[PDB]
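Order of the sequence lines sets the chain letters (A, B, ...), proteins ahead of strands, with each chain counted from 1.
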Amino acid sequence: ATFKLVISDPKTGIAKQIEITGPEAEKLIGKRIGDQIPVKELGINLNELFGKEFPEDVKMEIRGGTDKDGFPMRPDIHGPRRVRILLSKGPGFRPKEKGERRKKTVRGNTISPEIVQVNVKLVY
Amino acid sequence: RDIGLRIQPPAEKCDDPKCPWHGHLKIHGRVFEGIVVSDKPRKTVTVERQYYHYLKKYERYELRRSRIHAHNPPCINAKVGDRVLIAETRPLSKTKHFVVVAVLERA
Amino acid sequence: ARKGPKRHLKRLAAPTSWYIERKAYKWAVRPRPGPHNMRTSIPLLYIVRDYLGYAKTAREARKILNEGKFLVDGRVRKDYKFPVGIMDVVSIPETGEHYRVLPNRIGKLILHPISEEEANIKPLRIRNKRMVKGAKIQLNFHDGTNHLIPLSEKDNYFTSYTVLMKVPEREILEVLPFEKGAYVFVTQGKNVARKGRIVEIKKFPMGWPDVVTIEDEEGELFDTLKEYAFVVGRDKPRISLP
Amino acid sequence: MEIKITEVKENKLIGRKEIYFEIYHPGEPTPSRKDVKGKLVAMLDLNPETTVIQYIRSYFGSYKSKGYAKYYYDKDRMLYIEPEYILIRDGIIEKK
RNA sequence: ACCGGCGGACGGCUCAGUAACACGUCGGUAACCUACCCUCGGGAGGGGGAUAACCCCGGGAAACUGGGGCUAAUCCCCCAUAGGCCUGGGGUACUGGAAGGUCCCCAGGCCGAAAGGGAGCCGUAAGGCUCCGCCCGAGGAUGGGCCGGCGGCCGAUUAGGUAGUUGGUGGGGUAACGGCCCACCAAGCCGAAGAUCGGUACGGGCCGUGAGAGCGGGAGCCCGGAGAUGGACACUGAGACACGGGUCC
Ligand SMILES: [Mg+2]
Ligand SMILES: [Mg+2]
Ligand SMILES: [Mg+2]
Ligand SMILES: [Mg+2]
Ligand SMILES: [Mg+2]
Ligand SMILES: [Mg+2]
Ligand SMILES: [Mg+2]
Ligand SMILES: [Mg+2]
Ligand SMILES: [Mg+2]
Ligand SMILES: [Mg+2]
Ligand SMILES: [Mg+2]
Ligand SMILES: [Mg+2]
Ligand SMILES: [Zn+2]
């Protein structure tokens, strides 16, 4: 499984994208939204990406993602399944009209091989 | 007491909140006179009034009758065969929209 | 109206009291809510454009209104939809003229020229009267407006009396009672625009309205509804009427 | 052609005067706007820059025409009040 | 260009459904809702918050749509006061034909306002002087909801029909009265003066014809009703279960 990573540094507003595949991407298969994991264990030359010194034992947390067909993930839905539900706000629906509700296809919480993009932010 | 009719009130009092003389009911609109032809249901009567209708083509008349269901307060307690006065009111049931306010001639 | 308020008005369905050519166009101005009712008033655009002739088109009538050239009951009115009704005063100060709005013998609204002095007063018939918080009295007039009086004055005002009011200051200056011998002007019905004196008053049971007999100048007696009889004087008119 | 003035009315609210007139001309074509304007401004002592001709109308079997014109005391008031099409059609301004 | 405000429920189209309080007409609401407008009486004190736009990185074949950074309001949320609603006990100020209504005084509760914002001059500044605005209360106006009496097709080779059916008592629900819906108690309700069922059809102003009495029609314009491929059901809003908005079959 190949994951395309979007790493966001909250102390700068700057983000970097790298691609990670192989045994490294296998560990990340199974974590939900809102849980941390050290970057040294995940395996990344972090100081090279941003050109900045970093504190030791830093870590990152999973914030979101998109699947192979282009559908995003929803924090409030459990598991890795894909669903089609009626929405009025939140991730996966931009309303455009007062009280508008629309049915949309969305993903779940657990990471899966179908997922492509993974958005995380650095937590010092 | 007067309720705008100009007629004498009943002999005795009652506790019915749906009574226009001793309760909170209000009367407004048409006032009809008729004859009772049924009194079986509790506190309900049927009143029938006759009138003539003109047929223009035949220059003659025919007789028609109007039947109305009305509420019968306990202080009045009208029965079959007597002449009554009835007054229009707010809806009281599916078919009842009038109240008996006086017996004119006991049968 | 399947789902909401109506906002349009066809010419053919316009009120019968307006002077308007009913087949010349498709649409008429739908008047805005305000003082009088639909049967006794007319939008101000027809006064500026159709009656007086100070403008040819709606666009230049609106420019005249927005500059503040027309006064109704002493106040500047800019809305071309504003309803102008019975007993109002229309004033043009840049030309120095004043009119009172009154119904015709046929029931149509017309403009009656008046003096500059008489333009300061508006008669108001008392339509309703009520108690209000603080134990004061609110008077509700025929043109929809309201006034407050103290509890000590409660015996000097009753429904169907007329109050002469100084405008736009809204100050009372005279109370004209409804009684026998008073002078009245009819505002609605078959005997509209006739005037005279009160002879008798009659009442009926169960909410049917009360009726008045009136003697005119030539000595004839006629009846009308009490609420159609607008007091204008004691034994002579206090305003100029045709 | 012979011109007769029927009515001259003052409109202070708009700031203009409104002029109705007749032209008698047996055996001649309908007079042009330029000729009518020149005759009118000579006959009333008007600045021709603020004189607008609303219309000239001929009738079925008649030897005369009826006309309507307006005269403003101020050029800017004229440009603010009158529609663009009538000022162009009268040669007061140029069509873009 | 975006956030924010108002409008998009009118106007336009058609006549499928409907024999019904759908329509015409006279009355009723003391049994009700109403943004925009008019008059009068009052108010605008103290706090907090995110986020579009914009910059970094993107996903998806597309329709669409994700994470991080940062920001304002007439945007949003709290505290206070004013105010609103329910019930119990007194007093009699008002309207009306008639007070379960209005007004005054005690008492137990619950709900609960606001943008002094914007523009222009006189201002050295201080502060005025106008214009457009914000919130509450009383009444009107405008647009509607609901109810009643009366009036207008064909069939007996359709004669009996109804069982929440008809009425009562106690509640719930609704903006509001109501078998509108429930619990309990009765046997009522409609019908040869044609019930019920079946047929056909949007109703009226009007239109064709005839000396008239009559007979026939009701597309085009105006007023009322209904519908948006068929059948169901919701969100926002003063107003919709919404023709150019949403959900299922
Ligand atoms: Mg009444
Ligand atoms: Mg729409
Ligand atoms: Mg519509
Ligand atoms: Mg049928
Ligand atoms: Mg009806
Ligand atoms: Mg019927
Ligand atoms: Mg509060
Ligand atoms: Mg109840
Ligand atoms: Mg049909
Ligand atoms: Mg028919
Ligand atoms: Mg057609
Ligand atoms: Mg189609
Ligand atoms: Zn009784």
Check: For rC150(E) and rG24(E), do both pairing distances fall under 3.5 Å in a Watson-Crick or G-U wobble arrangement?
Finding: yes

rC85(E) -> Watson-Crick or G-U wobble partner, both distances under 3.5 Å, gives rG109(E)

Self-check item: Under-4.0 Å salt bridge between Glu114(A) and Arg107(A)
Solution: yes

Answer for the Watson-Crick or wobble partner of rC131(E), both distances under 3.5 Å, is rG118(E)

What residues 62-91 of chain C contributes to the RNA chain E interface at heavy-atom separation below 4.0 Å is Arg75(C), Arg77(C)

> So what does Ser66(B) touch, heavy atoms closer than 4.0 Å: a base, only the sugar-phosphate, or nothing?
Replying inline: sugar-phosphate

*asked:* What contact category does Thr145(C) fall into here, base, sugar-phosphate, or nothing, at under 4.0 angstrom with non-hydrogen atoms?
replied: sugar-phosphate

- [ ] Using only heavy-atom distances, decide whether a donor-acceptor pair under 3.5 angstrom links the side-chain of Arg102(A) to the base of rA63(E).
- [x] no

- Message: Taking donor-acceptor contacts at under 3.5 Å, does the side chain of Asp69(A) reach the base of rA62(E)?
- Response: yes

Inset, instruction - With heavy atoms under 4.0 Å as the rule, sort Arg67(B) into base, sugar-phosphate or nothing. - result: sugar-phosphate

What are the atom names and distances for every N/O pair under 3.5 Å that joins the protein to nucleotides 20-26 of chain E?
unit_1  : atom_1 : unit_2   : atom_2 : d
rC26(E) : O2'    : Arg30(B) : NH2    : 3.0

Should we say atom CZ of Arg30(C) is surrounded by more than 12 heavy atoms from elsewhere, each under 6.0 Å from it?
-> yes

Whether each nucleotide of nucleotides 92-101 of chain E has a protein heavy atom under 4.0 Å at its base (B), only at its sugar-phosphate (S) or at neither (-) is summarised, 5' to 3', as -BSSSBSSB-

* Asked: Under the 3.5 angstrom rule, does the side chain of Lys26(B) hit a backbone N or O of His24(B) as a donor-acceptor pair?
  -> yes

Using Watson-Crick geometry (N1-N3 plus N6-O4 or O6-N4) or G-U wobble (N1-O2, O6-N3), each under 3.5 Å, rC40(E) is paired with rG137(E)

Enumerate the protein-to-nucleotides 208-216 of chain E contacts in which both atoms are nitrogen or oxygen and the separation is below 3.5 Å.
unit_1   : atom_1 : unit_2   : atom_2 : d
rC215(E) : OP1    : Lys57(B) : NZ     : 3.0

Of the candidates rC222(E), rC248(E), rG167(E), the side chain of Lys26(C) sits closest to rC222(E)

Report yes if a donor N or O on one partner sits less than 3.5 Å from an acceptor N or O on the other, where the partners are the side chain of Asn140(C) and the base of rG139(E); otherwise report no.
no

**Asked** Is it true that the side chains of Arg63(A) and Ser8(A) contain a donor and an acceptor less than 3.5 Å apart?
**Response** no

Exercise. When we call it a touch if two heavy atoms are under 4.0 Å apart, what does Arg65(B) touch: a base, just sugar-phosphate, or nothing?
Worked result: base

Dump every N/O contact between nucleotides 223-231 of chain E and the protein below 3.5 Å, one line per pair.
unit_1   : atom_1 : unit_2  : atom_2 : d
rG224(E) : OP1    : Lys6(C) : NZ     : 3.3
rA226(E) : OP2    : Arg2(C) : NH2    : 3.4
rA226(E) : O5'    : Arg2(C) : NH2    : 3.1
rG227(E) : OP2    : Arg2(C) : NH2    : 2.8

Quiz item: Touch check for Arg94(A), heavy atoms < 4.0 angstrom, all strands: base, sugar-phosphate only, or nothing?
Solution: base

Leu122(A) atom CG is separated from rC56(E) atom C1', nearest whole Å, by 13 Å

Both distances under 3.5 Å and Watson-Crick or G-U wobble geometry: does that hold for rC206(E) with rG12(E)? no

Within the structure shown, what part of the strands sits under 4.0 Å from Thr89(B) by heavy-atom distance: base, sugar-phosphate, or nothing? nothing

(message) Taking any heavy-atom pair under 4.0 Å as a contact, classify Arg11(C): base, sugar-phosphate, or nothing.
(response) nothing

Answer for the Watson-Crick or wobble partner of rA63(E), both distances under 3.5 Å, is none

Query - Pairing between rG245(E) and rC146(E), Watson-Crick or wobble, both under 3.5 Å - result: no

Q | Pairing between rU142(E) and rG58(E), Watson-Crick or G-U, 3.5 angstrom cut-off on both | A | no

Query raised in the report: Contact class for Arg22(C) (heavy atom, under 4.0 Å): base, sugar-phosphate, or nothing?
Result: nothing

Between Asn72(B) and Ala78(B) (side chain of the first, backbone of the second, donor and acceptor by atom type, cut-off under 3.5 Å), is there such a pair?
yes

G-U wobble or Watson-Crick pair formed by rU102(E) and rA93(E) (both under 3.5 Å): yes

Rounded to whole Å, the CZ-P distance (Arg30(C) to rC37(E)) equals 17 Å

Q: For the pair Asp76(A) and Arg74(A), find out whether any cationic side-chain nitrogen is under 4.0 Å from an anionic carboxylate oxygen.
A: yes

message: One thing to verify: whether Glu62(B) and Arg60(B) come together as a salt bridge, which I'm taking to mean a side-chain N less than 4.0 angstrom from a carboxylate O.
response: no

Original post:
How would you label the contact of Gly4(C) with the nucleic acid (heavy atoms, under 4.0 Å): base, sugar-phosphate, or nothing?
Top reply: sugar-phosphate

Decide if a Watson-Crick or G-U wobble pair links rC221(E) and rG205(E), counting it only when both distances are under 3.5 Å. yes

Would you say a side-chain N or O of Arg127(C) is under 4.0 Å from OP1 or OP2 of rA141(E)? yes

- Select base, sugar-phosphate, or nothing to describe what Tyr51(B) touches, counting heavy atoms under 4.0 Å on all strands. sugar-phosphate

Please verify, for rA187(E) and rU165(E), whether Watson-Crick or G-U wobble pairing holds with both distances under 3.5 Å? yes

Base, sugar-phosphate, or nothing for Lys11(A), non-hydrogen atoms under 4.0 angstrom? nothing

N/O contacts under 3.5 Å, protein versus nucleotides 181-189 of chain E?
unit_1   : atom_1 : unit_2   : atom_2 : d
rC189(E) : OP1    : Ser38(B) : OG     : 3.0

- Message: Strictly below 4.0 Å, N to O, side chains only: are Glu33(B) and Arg49(B) in salt-bridge contact?
- Response: no

Next on the checklist: Regarding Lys136(C), tell me which of base, sugar-phosphate or nothing describes its non-hydrogen contacts under 4.0 Å with the strands shown.
Outcome noted: nothing

Heavy-atom donor-acceptor pair, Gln138(C) side-chain to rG140(E) base, under 3.5 Å
no

Note to self: Between the base of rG58(E) and the side chain of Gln117(A), is there a donor and acceptor pair under 3.5 angstrom?
What the structure shows: yes

